[PDB]
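Below sits a lone chain in structure tokens, taken as the form deposited in one PDB entry.
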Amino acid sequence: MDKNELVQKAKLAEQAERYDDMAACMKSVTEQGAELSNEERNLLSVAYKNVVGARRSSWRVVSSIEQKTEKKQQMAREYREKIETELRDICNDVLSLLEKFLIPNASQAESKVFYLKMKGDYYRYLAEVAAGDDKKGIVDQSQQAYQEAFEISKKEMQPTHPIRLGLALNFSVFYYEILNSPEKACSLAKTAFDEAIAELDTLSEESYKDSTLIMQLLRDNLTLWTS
């Protein structure tokens, strides 16, 4: 279709809770090659987060059953592998949009940070289901995307900006859960919470319901990791 009709069908699919449809509309929009607006890139990001989330949730259930377990073991194993394939195909679709269209046309610091943070997240999803030989390479690609986003946001954004906070939350999850560094995870999260608290007289109407909900999630992670 035409750009504007594609966006409208995506919003409709959103209301119907039909996330595969929503993601195929926003993939087509991205493939036209023009820089996405704020409204468009949030739609793309919501569609893929729901599509990939359903696979990750199913993978954790099946892979655990296969653990606490024979022909019954082999079955769980095969079913975990079919779910893994669906998951990788989804991640590589997103990763390929980021590299061919989104990161090259990103004209502001804020949107470069957004896409680099997305690239860290989707390599991290691959890391969760990787084994042995490929894992080191994949973990490295996640860490470098995160690290470049972290440096740009420190130089260009206020400590209360939602995109800057959201990045610190996910990069600290990476340390804790992928790299096994609880001490670096805690100190990353604590610095982000404290610098935001120091500057609270400076949050607007727009981002001041998003900023404080992420601050809440940072403190909740700390209490969990500290207990």
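Start at 1 with the first residue shown and count on from there. We call the rigid core whatever largest set of C-alpha positions still superposes within 1.5 Å between the two forms. Only residues modelled in both forms are compared.
- Gaps at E205 occur in at least a third of the other compared entries of the protein that contain both adjacent residues.
- The deposited sequence places no unmodelled residues between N170 and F171, so the chain runs continuously there.
- Once the C-alpha B-factors are averaged per stretch, 197-205 and 48-56 rank with 197-205 first.
- Averaged over their C-alpha atoms, the temperature factors of 125-133 and 106-114 are higher for 125-133.
- As recorded in the PDB entry, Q74 shows the highest C-alpha B-factor of the residues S96, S153, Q74, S142.
- Split the chain's modelled residues into thirds by C-alpha temperature factor. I214 is in the lowest one.
- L43 sits in the lowest third of its chain by CA B factor, as recorded in the PDB entry.
- Among all modelled residues in this chain, the alpha-carbon of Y146 has a temperature factor (C-alpha) in the lowest third.
- Compared with the other modelled residues of the chain, the Cα B-factor recorded for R164 ranks in the lowest third.
- When the CA B factors of the chain's modelled residues are split into thirds, the value for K27 lands in the middle one.
We do not show the form deposited in another entry, though everything after this point is about it.
- Positional change of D201 between this form and the one not shown reaches 2 Å or more at the C-alpha, relative to the superposed core.
- Relative to this form, the distance between the C-alpha atoms of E205 and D220 is reduced by at least 3 angstroms in the other entry.
- Look at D201 and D220: in the other entry their Cα atoms come 3 Å or more closer than in this form.
- Shifted region between this form and the one not shown (core-superposed; runs of 3+ residues, all CA displacements of 2 Å or more, residues common to both forms): 200-207 only.
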